[PDB]
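Ligands are counted one by one from 1 in listed order, and the atoms in each one are counted from 1 as well. Residues take their numbers from the sequence shown, with the count starting at 1. Only this structure's heavy atoms are used, side chains among them; waters, hydrogens and symmetry mates stay out.
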Amino acid sequence: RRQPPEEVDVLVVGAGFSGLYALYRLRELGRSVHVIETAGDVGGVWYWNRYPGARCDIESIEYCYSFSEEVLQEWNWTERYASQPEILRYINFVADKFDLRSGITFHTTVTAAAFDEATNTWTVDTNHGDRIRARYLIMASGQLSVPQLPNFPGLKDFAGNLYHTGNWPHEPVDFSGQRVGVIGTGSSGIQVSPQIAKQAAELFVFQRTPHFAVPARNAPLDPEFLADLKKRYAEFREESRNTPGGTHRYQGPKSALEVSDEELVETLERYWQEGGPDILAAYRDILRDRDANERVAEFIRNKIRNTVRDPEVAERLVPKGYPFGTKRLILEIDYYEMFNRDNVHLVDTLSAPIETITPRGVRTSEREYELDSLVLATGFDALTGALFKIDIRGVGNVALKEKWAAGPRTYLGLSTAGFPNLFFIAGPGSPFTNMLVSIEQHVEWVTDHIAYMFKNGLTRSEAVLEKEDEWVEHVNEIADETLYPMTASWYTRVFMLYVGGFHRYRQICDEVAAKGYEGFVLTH
Ligand SMILES: Cc1cc2nc3c(=O)[nH]c(=O)nc-3n(C[C@H](O)[C@H](O)[C@H](O)COP(=O)(O)OP(=O)(O)OC[C@H]3O[C@@H](n4cnc5c(N)ncnc54)[C@H](O)[C@@H]3O)c2cc1C
Ligand SMILES: NC(=O)c1ccc[n+]([C@@H]2O[C@H](COP(=O)([O-])OP(=O)(O)OC[C@H]3O[C@@H](n4cnc5c(N)ncnc54)[C@H](OP(=O)(O)O)[C@@H]3O)[C@@H](O)[C@H]2O)c1
């Protein structure tokens with residue numbers, strides 16, 4: 001185990017995409033920097049989430065680093081949407097190339113962080129009893145990094161094999177001949193289930209809220225196409241950085257409501273056949289007008305009923321009541337087709353809720369299911385989850401958990417008043433988008449600022465209370481013009497993610513920096 005140093009200019013928490021780039025860039029800026037990571041190796045979500053079928057919902061050519069021209073040119077994606085093992089190889093490739101592991105302490109969990117106003121330094125403690133003093137602390141601790149604690153009664157009494165998708169075994173699990181249950185029909189459950197169906201004697205899928213999901217239409221990435229792209233990657237990447245989604249995606253000019261029924265079909269069928277999440281932009285108002293939303297939502301509801309041959313199964317799979325695409329659109333590869341199989345059973349817990357786990361399996365209010373294995377695809381804590389497991393204390397020894405008790409309040413999503421020299425990467429108040437575009441922007445902003453602090457001899461950077469309030473207000477106002485607040489997931493009041501688009505978000509941050517970091521108080 002690599003032991004962390006006693007002092008460093010910057011301490012990073014987390015060794016996924018975000019923390020690795022921060023480590024990379026601070027080295028390039030001539031700053032001392034070190035990374036603390038719980039996991040045994042690099043990767044973050046792509047180290048932990050090793051379940052069969054784990055796959056990205058952003059195209060390979062967009063979900064990737066761009067800071068290295070060498071990496072863009074030497075690496076070769078294989079599919080439209082990269083599988084978890086490929087991406088982890090990608091990340092491992094970059095870590096080897098840039099010798100990043102020499103600045104990471106693995107197997108170690110930051111447990112406390114307290115700011116010393118007298119030394120303008122953070123004292124950072126871990127479960128191994130390390131104590132690290134760093135001028136700045138970067139939290140690259142993720143948004144989907146803490147598996148939600150499934151709190152079913154009787155869970156400990158389950159006789160069989162228990163698995164969670166967010167912490168899958170590092171050796172492949174053979175489900176052949178078994179009765180297997182999957183609890184959760186979000187992205188992880190929609191991804192892992194069709195893999196397990198290929199092996200299990202019987203699969204039971206326990207669904208509570210049904211969610212929208214459209215075909216991935218995954219495919220091999222044509223080498224020639226890729227070799228053409230590599231000749232223009234930097235320009236292609238700048239194009240992505242000038243979109244709302246941080247990805248190439250057609251912006252439909254037509255309102256969903258000003259079109260004939262037959263056109264709406266033909267147009268949506270194009271997207272349904274082409275696959276991917278781009279259908280979200282099919283018409284300009286899908287996320288701004290409920291009637292428009294519904295019109296698009298009914299098209300997809302009918303695609304479900306037309307895929308599932310049992311009308312009773314099909315309609316339990318149809319999402320109703322909540323707007324389409326207000327929750328990040330799931331892509332599915334043969335998930336709906338899966339229920340046409342003899343060995344697959346959809347279990348509607350809204351109809352009959354889970355009363356307890358038993359030695360033998362799962363007991364709903366109406367019957368008991370005997371299972372050899374139980375797979376929990378039950379999601380993660382709120383994006384505040386990883387930070388909230390750390391005892392973070394700022395000015396006046398106030399805890400971060402107390403300050404974010406009624407929602408995570410920040411300035412720009414990067415810092416919060418009363419906690420100086422503390423930055424959050426791809427965290428609350430930041431933009432929802434292609435996380436690699438957003439991570440790169442965030443890491444460059446944060447480390448640029450740290451470089452500015454050192455160049456000018458300043459040692460304390462702190463967001464101004466009033467600007468933080470102003471930002472929460474602004475984030476709330478943008479979202480309110482949207483269907484997003486209609487989905488409770490965006491609160492933990494503080495609407496959690498900026499929905500004004502990556503491009504508008506980058507422009508805001510750039511102008512803050514060009515104006516001497518307006519809204520931060522910088523002192524020595
Ligand atoms: C299966 C899956 C698919 C996804 N697909 C997409 C997609 O298609 N598009 C997209 O935009 N996003 C996607 N995401 C979101 C994903 O989180 C981001 O794309 C990106 O990987 C986040 O990188 P990160 O380094 O900021 O966070 P993470 O990858 O979560 O890294 C955080 C790291 O910090 C570590 N850590 C946390 N707390 C501590 C602590 N106290 N001490 C030490 N270490 C700590 C964790 O162990 C973890 O390794 C997906 C996520 C998952 C799980
Ligand atoms: N690229 C990809 O394909 C991919 C893969 C994984 C994750 N992601 C992203 O990362 C995030 C996490 O996705 P996720 O699927 O793992 O979690 P999730 O989206 O929050 O869904 C969790 C599922 O488990 C169910 N569940 C949770 N607790 C339950 C309980 N006590 N009883 C019954 N059912 C319960 C939920 O039902 P309810 O809906 O009723 O609560 C839900 O269906 C998502 O935002 C997703 O976009 C993307």
Side-chain angles (χ1 to χ4, degrees), residues 12-22 35-51 53-60 62-63 81-82 84 87 91 104-113 124 126-127 139-152 164-166 182-192 205-211 213 216 245-247 277 319 322 327-333 347 349-350 353-354 376-381 383 385-387 389-390 392 424-427 430 432-439 442-443 489:
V12 185
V13 182
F17 275 126
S18 288
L20 288 177
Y21 188 26
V35 178
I36 309 295
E37 166 59 73
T38 294
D41 207 330
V42 304
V45 290
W46 308 106
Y47 172 96
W48 296 111
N49 283 270
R50 299 175 183 243
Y51 59 85
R55 189 179 294 277
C56 190
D57 280 356
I58 300 264
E59 290 205 320
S60 288
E62 304 267 19
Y63 190 78
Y81 306 89
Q84 172 268 327
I87 301 179
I91 301 172
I104 312 165
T105 288
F106 295 106
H107 293 292
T108 305
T109 293
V110 165
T111 62
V124 173
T126 71
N127 58 338
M139 305 303 297
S141 36
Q143 277 178 344
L144 315 166
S145 34
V146 169
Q148 196 253 322
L149 293 170
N151 200 16
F152 304 103
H164 193 310
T165 55
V182 177
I183 302 189
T185 53
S187 184
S188 302
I190 285 173
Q191 283 188 343
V192 72
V205 174
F206 298 82
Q207 154 188 289
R208 174 168 53 181
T209 298
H211 301 161
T247 281
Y322 93 107
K327 289 166 172 251
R328 195 201 173 81
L329 194 60
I330 298 156
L331 321 179
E332 59 91 35
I333 298 180
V347 181
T349 59
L350 293 176
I354 287 160
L376 308 170
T378 54
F380 302 84
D381 261 12
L383 72 187
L387 299 164
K389 302 236 289 195
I390 314 170
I392 291 169
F424 313 99
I425 307 301
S430 79
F432 169 17
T433 206
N434 152 17
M435 292 318 293
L436 255 300
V437 165
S438 165
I439 282 169
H442 264 197
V443 164
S489 274

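- Selection from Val437, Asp57, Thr38, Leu20 by nearest heavy atom to atom 44 (N) of ligand 1 gives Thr38.
- The residue from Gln191, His164, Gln143, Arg328 that puts a heavy atom closest to atom 3 (O) of ligand 2 is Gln191.
- For ligand 1, the polar-atom distance check finds no N/O of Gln191 at less than 3.5 Å from any of the ligand's N/O atoms.
- Distances below 4.0 Å separate heavy atoms of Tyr51 from the following atoms of ligand 1: 1 (C).
- Distances from ligand 2 to the non-hydrogen atoms of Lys327 include no value under 4.0 Å.
- Proximity of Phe152 to ligand 2 is established by a heavy-atom distance of less than 4.0 Å.
- The shortest separation from a heavy atom of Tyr21 to ligand 1 is not under 4.0 Å, leaving the residue out of contact.
- Remark: distances from the non-hydrogen atoms of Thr349 to ligand 2 are all 4.0 Å or more.
- Not a single heavy atom of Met139 sits under 4.0 Å from any atom of ligand 1.
- Inclusion of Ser18 in the set of residues having an N or O under 3.5 Å from an N or O of ligand 1 is warranted.
- Heavy atoms of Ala140 found under 4.0 angstrom from ligand 1 belong exclusively to the backbone.
- The shortest contact between atom 12 (C) of ligand 2 and any protein heavy atom is with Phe380 CD1, 3.9 Å.
- Using a 4.0 angstrom heavy-atom cutoff, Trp48 counts as in contact with ligand 1.
- Residue-ligand proximity, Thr109 to ligand 1, at heavy-atom distances under 4.0 Å covers atoms 41 (N), 42 (N).
- In the vicinity of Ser187, heavy-atom distances shorter than 4.0 Å reach the ligand 2 atoms 2 (C), 3 (O), 4 (C), 5 (C), 6 (C), 7 (C), 8 (N), 15 (O), 48 (C).
- For atom 40 (C) of ligand 1, the nearest non-hydrogen atom from the set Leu387, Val13, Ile392, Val12 belongs to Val13.
- Using 4.0 Å as the threshold, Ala54 has no heavy atom nearer than that to any atom of ligand 1.
- Residue contact annotation: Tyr51 has a non-hydrogen atom under 4.0 Å from ligand 2.
- Of all protein heavy atoms, the one closest to atom 6 (C) of ligand 2 is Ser188 OG, 3.3 Å.
- Every atom of ligand 1 is numbered from 1 in the order shown, and the set under 4.0 Å from a heavy atom of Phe17 is 21 (O), 25 (O).
- Interatomic distance, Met435 CE to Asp57 CG, rounded to the nearest 0.5 Å: 14.0 Å.
- Residue contacts with ligand 1 include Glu37, since one or more of its heavy atoms lies under 4.0 Å from the ligand.
- Against a heavy-atom cut-off of under 4.0 Å, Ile390 is close to the following atoms of ligand 1: 41 (N).
- Residues passing the side-chain hydrogen bond (donor to acceptor under 3.5 Å, both in side chains) test with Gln207: none are found, sequence neighbours excluded.
- Using a 4.0 angstrom heavy-atom cutoff, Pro150 does not count as in contact with ligand 2.
- Counting heavy atoms under 4.0 Å from ligand 1, residue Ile439 touches it through the side chain alone.
- Ligand 1 places these atoms under 4.0 Å from at least one heavy atom of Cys56: 7 (C), 8 (O).
- Atoms of ligand 1 lying under 4.0 Å from any heavy atom of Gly44, numbered from 1 in the order shown and given with element: 28 (P), 29 (O), 31 (O), 48 (C), 49 (O).
- Of the protein's non-hydrogen atoms, the one nearest atom 21 (O) of ligand 2 is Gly186 CA, 3.8 Å.
- Taking a 4.0 Å cut-off on heavy atoms, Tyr63 registers as neighbouring ligand 1.
- Under 4.0 angstrom from ligand 2, the non-hydrogen atoms of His211 all belong to its side chain.
- Considering backbone and side-chain N/O of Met435, one or more are found under 3.5 Å from N/O of ligand 1.
- Applying the side-chain contact (heavy atoms from CB on, under 4.5 Å) criterion to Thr38, with sequence neighbours excluded, gives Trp48, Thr109.
- Annotation: atom 17 (O) of ligand 2 to nearest protein heavy atom, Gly379 CA, 3.1 Å.
- If you check which protein heavy atom lies closest to atom 43 (O) of ligand 2, you get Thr185 N, 3.1 Å.
- Residue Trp46 touches ligand 1 through its side chain alone, judged by heavy-atom distances below 4.0 Å.
- Of all atoms in ligand 1, listed by their number and element, those nearer than 4.0 Å to a heavy atom of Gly14 are 33 (C), 34 (O), 35 (C).
- For the residues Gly19, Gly53, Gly142, the heavy atom positioned nearest atom 27 (O) of ligand 1 is part of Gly142.
- Using cut-offs of 30° and 60° for the angle between ring planes, the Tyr63 and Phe17 rings count as perpendicular.
- The nearest protein atom to atom 36 (C) of ligand 2, hydrogens excluded, is given as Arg208 NH2, 4.2 Å; this is a heavy-atom distance.
- Where the criterion is an N or O separation shorter than 3.5 Å, residue side chain and backbone included, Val110 meets it with respect to ligand 1.
- Residue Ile425 places no heavy atom under 4.0 Å from ligand 1.
- Scanning the protein heavy atoms around atom 28 (P) of ligand 1, the nearest turns out to be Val45 N, 3.8 Å.
- Looking at atom 9 (C) of ligand 2, its nearest protein heavy atom turns out to be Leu144 CD1, 4.0 Å.
- Here the protein heavy atom with the shortest distance to atom 24 (O) of ligand 2 is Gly184 CA, 3.1 Å.
- Of the possible donor and acceptor atoms, none in the side chain of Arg55 sits under 3.5 Å from a partner among the backbone N and O of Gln191.
- Within the 4.0 Å heavy-atom cutoff, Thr165 does not count among the residues contacting ligand 1.
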